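# Topology and contacts: notes
Residue strings, one per chain:
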Amino acid sequence: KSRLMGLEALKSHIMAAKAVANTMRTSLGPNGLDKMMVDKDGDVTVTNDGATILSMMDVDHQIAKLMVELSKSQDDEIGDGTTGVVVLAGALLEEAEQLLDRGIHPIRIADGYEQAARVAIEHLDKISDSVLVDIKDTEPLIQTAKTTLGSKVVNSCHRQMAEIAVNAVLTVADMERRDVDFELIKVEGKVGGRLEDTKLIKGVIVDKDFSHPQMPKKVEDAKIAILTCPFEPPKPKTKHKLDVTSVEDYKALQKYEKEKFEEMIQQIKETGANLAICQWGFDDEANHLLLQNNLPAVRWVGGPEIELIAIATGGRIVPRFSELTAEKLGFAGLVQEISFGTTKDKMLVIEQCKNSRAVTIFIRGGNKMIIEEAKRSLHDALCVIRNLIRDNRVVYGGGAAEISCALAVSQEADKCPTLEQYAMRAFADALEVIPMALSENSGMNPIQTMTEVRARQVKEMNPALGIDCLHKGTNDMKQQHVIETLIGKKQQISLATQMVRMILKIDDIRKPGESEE
Amino acid sequence: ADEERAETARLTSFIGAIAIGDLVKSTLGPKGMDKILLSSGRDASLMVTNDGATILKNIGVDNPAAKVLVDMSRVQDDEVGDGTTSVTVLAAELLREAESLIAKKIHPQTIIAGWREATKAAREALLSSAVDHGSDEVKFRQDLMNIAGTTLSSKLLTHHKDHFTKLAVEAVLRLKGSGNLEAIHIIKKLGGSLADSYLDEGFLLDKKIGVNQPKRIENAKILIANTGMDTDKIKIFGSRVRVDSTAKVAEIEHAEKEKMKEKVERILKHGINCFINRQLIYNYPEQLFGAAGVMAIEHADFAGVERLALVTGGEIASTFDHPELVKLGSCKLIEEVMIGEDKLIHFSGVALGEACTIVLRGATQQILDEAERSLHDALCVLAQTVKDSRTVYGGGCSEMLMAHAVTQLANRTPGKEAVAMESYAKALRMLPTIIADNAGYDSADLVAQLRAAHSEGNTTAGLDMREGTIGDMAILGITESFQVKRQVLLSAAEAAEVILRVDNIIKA
Amino acid sequence: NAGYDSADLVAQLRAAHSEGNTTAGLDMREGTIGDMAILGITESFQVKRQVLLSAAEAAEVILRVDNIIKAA
Amino acid sequence: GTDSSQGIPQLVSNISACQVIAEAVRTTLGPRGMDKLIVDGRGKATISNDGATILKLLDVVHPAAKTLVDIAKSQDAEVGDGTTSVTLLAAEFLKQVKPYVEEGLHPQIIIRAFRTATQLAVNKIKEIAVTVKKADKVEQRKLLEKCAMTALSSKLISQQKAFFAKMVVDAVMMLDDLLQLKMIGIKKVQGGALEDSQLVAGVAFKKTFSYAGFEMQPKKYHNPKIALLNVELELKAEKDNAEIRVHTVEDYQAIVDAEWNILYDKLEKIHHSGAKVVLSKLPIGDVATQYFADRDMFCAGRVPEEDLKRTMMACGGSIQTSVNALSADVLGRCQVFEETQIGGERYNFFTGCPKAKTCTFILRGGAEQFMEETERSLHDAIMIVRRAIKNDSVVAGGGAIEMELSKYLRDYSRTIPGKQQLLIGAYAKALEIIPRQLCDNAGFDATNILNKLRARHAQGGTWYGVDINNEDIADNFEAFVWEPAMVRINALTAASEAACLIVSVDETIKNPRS
């Protein structure tokens, strides 16, 4: 394979990282244009989501993989900003081209963009740095859960999607701890529901329901029998697995497990837990007994879920039918199958008003991508919300900060006598793609559209007013409720400039060609 | 792997739906040239298809752009009805509009809004010329007739449409508040009739009833059961494994005749002479099932028992246990009525009522299917006739009229997006173009004159393009529910606009 | 020629003369629609009819000649 | 058959083979010294600023490329630093004798004369060399912070070196006596903040496995008896493949509850091993952790062997082949165990490791792609801070002496020649190209800067040098840009013979052919 260096490896790096940004900047914002993306699997995926694009994107040019990475970083913490850091990369990338074309050295270029990004993220700090509690944040959360859920296509008619998030990070993680638990928040979703169907569950909803509703559909508080024991074949790891074809062993077996499962179920009734959750759950033969025992109990359970039933409920663990004791009883506030008005949607909420260690934010919708649309809605909404519920620090978007950032950077670039005086000012240049593509996403001529914000920032010198992000005709950011976590732009910037900077620091490419995986 | 850019993503978007949109075009509007489906790839067949949904899946839909309208149009006919042919053409008409705007480089945002903007305004305009023909129930029955009249049109049916008109009318009439799609039961068969659609007493059933067993039954009260056997009973004894030799491969099959005989006794515990085991039996079983006095009548329909579970006050459930679990079906006479050389056991003594079974005897199963969607759509659209007595005038008389204001609007209403909205008010009139020239008329004097003839208020005046003329929609009776007009747009409206704004296609 | 998107401005001026309008029309000076006060922005009918009399025919006139023949 | 070739066509191809390779490392090695993403396999994409690694990564298609690897790699094992430059110097003469080889002029003394030339420097290198240890403070751990500061500053963050340089000292202290990456082994963190680290001098576990409750399962031991276990406990334990028949009758519940129990033994033999904090490279199972969280002895599964080994070296402990732990040294043991989340991730930290010779670092970066460059400052500094420990005699870093030497040497180009002023001149200049590259891979000027140093090398000043960040004239040791003498000594002697070796080779035989 071959060594590729300098302008060669430069224009190597330049192609996709620039080229990939294009579909994503056409996808930039809600006015960002969708993309039908079809696998070799026969699949079809219509995505204006760059984070989903990058996921959908298997394309070559390892840098084009590194963006699939870089969006996911900002995807969890900041939420939104997955796509912009990508389209900002290609901006400052081509922006970097002509400085080398000028003769500005590859390590001259990157650092001029880099320290100028410091001013940017520093200038970012001037927009709104506020910090409030959850119950106050919900207003700037839902105003942003407008944008987030909405830039995710229909926040519309939902504070149900908005304000369960206000609870989501809140319950799983503190305000001040700022330790990211979207891992503790269970984002659950079900097709056949509605976007108008969205639910917060501080406990765990287990889709498996009572063996029979003829048996009680309400188990009392706790008294959950934690059981890893077969009431159906427990995929047991030891033996050769064969069913019997003869009536002789057909009768000899059917009397066997009617004895044990009943006295198992009675032993469960004996353990004093009137719900039996069984990590190896219920076939019908045990359920007739279970029904005949009149014991409310749970059929097949996912292996880690009965554990997740433990933690999320604070449930004390009864490991196995051999360990049985009446003392340890799993936690459930109320054990019942939940039909939401969507009856095809039936889960058994283990609903913890006492110990809730996994908060299920459960959203619904008509179909797969719909709930997925609503999930990545509910995902990044809360993710942007998580910033704002922790530190509610808001920049108003759509290029209103860009000029604002590009302004200070530009002059301060000239103020720096270093060669990067150009690069730092060249830095402030490529910031303008943010209103630019958005302008053309919103369907406006950016070059004028953006300097509106400039003329605004020339006057305003802050994101408040802006251009249309939603193509609504009121050119605003604050007032258009274009509200972006001030953390995230600092995130988003630092992500772009530094990833590119190493892309700029790496000029030395051993590949069979310009790009590779 | 692959990253596709907009131009192809837009052009392939353009071509496929356009390529499929013109499959049924000459078959759309009134009847122009028909559409022959040649199947050379998967088989060798000469086929005639005016149906998009048919034409859709037959030809390769694997164009991801085609997939959209193939899906969207399919969904639309599956909802409001006869929308596939529409939607497939409509967004195909739409794609050509923005394609210029795209060529003009008009902001993808602009065409999206303006069309969707105008999409409202036209259906809005579609809301006005929508006229209740169903105020009076008899006029509603007449509303049901004309609305079903435009539905059954343009396809290939010889005498069939006449049975379905009244029936799509009657499915509504007796049901009180909705049409009967399920209470109507579809039986598509080849009988002694090259063209028939008629009403089925109970539901007819096919079998050769020979040998000893009496081939008619009187005073039937059916024991409704889904549990039974074929060559092996479902019971404790239903399985035996013995072959030690080559004689046993012969002997193993004889013990199969042991399993049938023990159930023949089991129907006698209930003592019920009319018992449906919905699983089949042969003559040698018919030899055995004729001995006991409790007969197992084989291959009873699920929906036909549902048909009976409706009117008889009985139950349609699964499996079975004892006669009181699933309520006893009852039919006055279960009879075997021979149609041609073959005899048909006929469940009868039960005639219509809360439900209907409909047996279509065509010359082909082909003629049997084209009437179903005709019926199926005329059923649904006459259920649309139920709530909305509105029928807005067919032959695209709405389209031009929908295009009238939007045109007049687009000038005024947007100070920009008239590009889209005019283009909207443009494409609406393509359907009249493809027929009026197929009609022999000059569409140029159709889509606009007759437009400003009906759009300025003679709405009955519309397309009789099977005369090659302007024609009177209420007089021609060519009109269909205002509800059949809106959503076929709304589907097609987004059918286009999706792939419009699709600027990239990633491929695994 | 002025380099301004005509469609909107046109459709603006359309939505003007769609509404109908006199006192306001597209002004490429500022570059955008503006007052027609006879500011210099509203201009002699004499030319226009003459102009508008002229090339209006030439099309339909030449539309007679698709029949062009050449001693060349 | 067999292939062979001789003489200038081979001999120039001999030197043609080499000069291709030294450009891989060319602009590399430094803050503005470039960095190499080298993809030698389809899904295998590798990044190094060091030659030896990519030398190990890249294919060597030449005896030259083969003969080069160790030569640069020779400077690798020494300081941890300097392969790239040795690669530069090896072929740096090869262009100077291309006049001679295209003169066809080669008495072999050309390589033989560069040797005493290699002698006069490595001699002079140690002469000017000065012990930093007994010279600096009375302390010599702020000296290390000086080295740490300077050696945290030559690649990435000088921002955090003000905070980090004191810890680099502290790591080296526990690093020194056993010189290891694992015992400075860093645990990256992110999201709790951006761009910071802190030294944790006991060990740390990035991984662990606990379910059936966690916040209800003890996460900490104020006297951990640390089981360092490679053992695995799965959903059900199996000593048999099969015997009889999933269903039948007596056979169904017979297998299952015992399949439970065969776990319990290993589940027990862990817990009565004195495993309270339990650590198993292979995962603890769920029902195992259902058991483990039932027994309230903290388990761990999916555990790093290094984490297991960092402990066994910090506790004097051992990874264990048996769930039973008889020996507290076969066991690990500490006076502190915690599962604490720095950044939010479950970690198992051991302080109270009796040896505790493994320093761990909990480090946050700026972004995804910005983090690597940060800790290499931490890793480099230690290596060269330790390198400042190992050889206390230390000169100016950043090629300060070469220009002086380049002068000092071709000073003999006046003194030496009946002939080899050429050789002494050509020998003298090739020194400068390494920092000149560093000058030039900074995009900045060297003949400008380096000659200005030389003008004051004409003063007789030697430690006069460049600070690669500022990229201007200076005295590196007064900037305290540092390397011990032996660093400069070997790179020459490494690349010198390399420049000498294949020049004795006009001929290469290949039996396999090609």
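As named in the PDB entry, chain C is T-complex protein 1 subunit beta, taken from Homo sapiens. The deposited entry bears the title "hTRiC-hPFD Class3".

Looking at the PDB entry, chain B carries the name T-complex protein 1 subunit beta, with the source organism given as Homo sapiens. Recorded in UniProt under Catalytic activity, the annotation for chain B is "ATP + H2O = ADP + phosphate + H(+)". Taken from UniProt, the Sequence similarities comment for chain B reads in full: "Belongs to the TCP-1 chaperonin family."

### Section: the overall build of chain C
What chain C contains, in helices and strands, is two helices and two strands. Compactness check: chain C gives a C-alpha radius of gyration of 18 Å against a globular reference of 11 Å for 72 residues, more than 25% above the reference. Across its three principal directions, the C-alpha atoms of chain C cover 55 × 25 × 25 Å. When burial is assessed residue by residue, chain C has 15% of its 72 residues classed as buried. Of the contacts formed within chain C by residues at least 6 apart in sequence, a portion of 12% connects residues at least 24 apart. Accessible area for chain C stands at about 5600 Å²; split by element, carbon and sulfur atoms hold 57% of it. When the 6 positive and 10 negative side-chain charges of chain C are each reduced to one mean point, those points stand 10 Å apart.

### Some details on the sheet that holds strand β11 (residues 346–350) of chain A
All names here are of chain A. In space, the three strands of this open sheet follow the order β6-β11-β10, with antiparallel pairing throughout. Taken across any chain shown, the strands that pair with only one partner, and hence form the sheet edges, are β6 (204–206) and β10 (335–339). Neighbour to neighbour, the strand axes of the sheet diverge by 40° on average, direction disregarded. Across five bridges, β10 lies against β11 in antiparallel orientation. Looking across to β11, one finds that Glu 337 is bridged to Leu 348. Against the sheet, helix α11 (residues 303–312) makes contact with β6 and β11, and its axis sits at roughly 150° relative to β6, the strand it touches most.

Definitions and limits used
Residues numbered from 1 in each chain as written, not as in the entry; some residues may be left out. Chains lettered and ligands numbered in written order. Part of a larger assembly, values for the part shown. Heavy atoms only, no water. UniProt positions renumbered as here; feature names shortened; annotations may be inferred. Helix = DSSP H or I, 4+ residues; strand = E, 2+ residues; numbered from the N terminus. Rg over C-alpha atoms; globule rule 2.2 N^0.38 Å. Buried < 20%, exposed > 50% of the residue type's maximum accessible area, 1.4 Å probe, protein only. Contact = heavy atoms within 4.5 Å. Areas by Shrake-Rupley, 256 points an atom, 1.4 Å probe, with all protein chains shown as cover. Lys, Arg positive; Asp, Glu negative; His and termini not counted. Charge placed at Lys NZ, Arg CZ, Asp CG, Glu CD. Pairing = 2+ DSSP bridges. Axes fitted to C-alpha atoms, helices over the stretch in contact; angles between N-to-C directions.

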